[PDB]
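Take a look at this single chain in structure tokens; it is the form deposited in one PDB entry.
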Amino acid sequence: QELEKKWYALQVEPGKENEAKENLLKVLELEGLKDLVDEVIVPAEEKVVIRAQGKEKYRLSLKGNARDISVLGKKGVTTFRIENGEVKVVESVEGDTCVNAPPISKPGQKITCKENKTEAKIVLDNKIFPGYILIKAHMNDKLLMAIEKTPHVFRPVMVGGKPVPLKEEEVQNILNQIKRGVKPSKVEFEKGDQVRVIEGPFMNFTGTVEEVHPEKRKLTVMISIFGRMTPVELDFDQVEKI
């Protein structure tokens, strides 16, 4: 078989992750190291942002099934097509030559339709761990020196003055993290739930949840103070379902 490569987190200048990646690739070329590296990734998600006369209309993942998107501009309609990680103008108003513009595929890139006043640009969103890029490679001294000599790159994460490998799962999870649509913080507590106050002056009294407040972690509980129904504001952590 073939010797497997490992993942390593590099440390680079925040906000220039894409630049550091481009820089690195170029350096791998000149130093004849390209074969030691199978991947260079910026922990983020590429997205297409479509605008119409200043206003943002859409923000969609670059990756996905072929999709067409039409937007009303000044003079009329412009339709963009996103497929195979590229974006182009399918058709725009009379006069817009953007329809001939070659498809874009990299962050920072853009196609503008001056007539319809429409445009689509590739950007990066969900960029967690800014100031880091990930490379799958076969580490060695030359590669290291090359990484360190690359403009906008500091050096890989060092443990014992030596690059430290990441687990495939760690990386995969990071990538899965990058691109999922963060559902609600669970739904423990919903109107009607019967609870017992476990902390504070209302401790041991029971009642029912009248209104939840997920974005504040508080509840409006109608507490039965021995029949004397009293609505009280409590924190999720000072009551218990029952």
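For clarity, a rigid core is taken as the largest C-alpha set superposing within 1.5 Å between two forms. Start at 1 and count along the sequence shown; that's the residue number.
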Response to the item:
Entry B factor averaged over C-alpha atoms, 211-219 against 66-74: higher for 211-219
Practice prompt. Compare the mean C-alpha B-factor of 185-193 with that of 24-32 as given in the PDB entry, and name the stretch with the higher value.
Written response: 185-193
Item to complete: Taking the values exactly as deposited, rank residue 60 by C-alpha B-factor within its chain and report the matching third: lowest, middle or highest.
Response: lowest
Fill in: CA B-factor placement of residue 53, once the chain's modelled residues are sorted into thirds
highest
Item to complete: Sort the modelled residues of this chain by their C-alpha B factor and say whether residue 135 lands in the lowest, middle or highest third.
Response: lowest
Response to the item:
In terms of its chain's C-alpha B-factors, the third that includes residue 79 is the lowest
Discussion item. Going by the CA temperature factor in the PDB record, which third of the chain does residue 170 belong to: lowest, middle or highest?
Written reply: middle
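The form deposited in another entry is left out here; the points below concern that form.
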Worksheet item: Core aligned, does the CA of residue 155 move at least 2 Å between the shown form and the other one?
Response: no
Worksheet item: Superposing on the rigid core, do we see a C-alpha displacement of 2 Å or more at residue 26 between the shown form and the other one?
Response: no
Practice prompt. Work out the direction of the Cα-Cα change for residue 16 and residue 55 in the other form: closer or farther than in this form? It's 3 angstroms or more.
Written response: closer
